[PDB]
Every structure is written in structure tokens, then in C-alpha cells.
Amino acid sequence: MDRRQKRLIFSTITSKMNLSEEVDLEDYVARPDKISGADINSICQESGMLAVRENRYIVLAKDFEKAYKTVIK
């Protein structure tokens, strides 16, 4: 998809999440993998899950990294 749209969906979905300040979505936005809005949606959802599974109310970079790896094959 278009690069700006990819960013928009990420920022739109996470706008309603508690991300630690150091997280930078551009890290995933900037990747070559051709993912879909659904994948982006899954990545964010898994990330929240991973944060909760650690009794953490703030989402971390490690969460998005696993989630990304988990959704893209």
C-alpha cells in the first residue's frame, strides 16, 4: 500500500493505545513487507495482548517487534 496510508492506519489504531514514549512506529512503517490493513490491525492487537500478558499497561518496542514477526509469516 501507499506509505502514508500505512502510517495513518498505524497511528490511527495506536492513537487509542498506551504506547511508551520511546516507541517509534516509523520502525515498522519503513519496512519492505507488503502487509495489509488487516495485518496492521493484527500487529497492534497482538502488541496490546503481549503488553497485557506481561501485566504492563504501556506498550513497548519489544511488543511491536514480536507482533510484527508473528503476523508477517
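Note that residue numbering begins at 1 and tracks the sequence as displayed.
Stretches 17-25 and 51-59 differ in mean C-alpha B factor, with the higher average recorded for 51-59. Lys73: CA B factor in the highest third of modelled residues in this chain (values from the PDB entry). Split the chain's modelled residues into thirds by C-alpha temperature factor. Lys6 is in the middle one. Residue-level temperature factors show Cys44 in the middle third of its chain, judged at the C-alpha atom.
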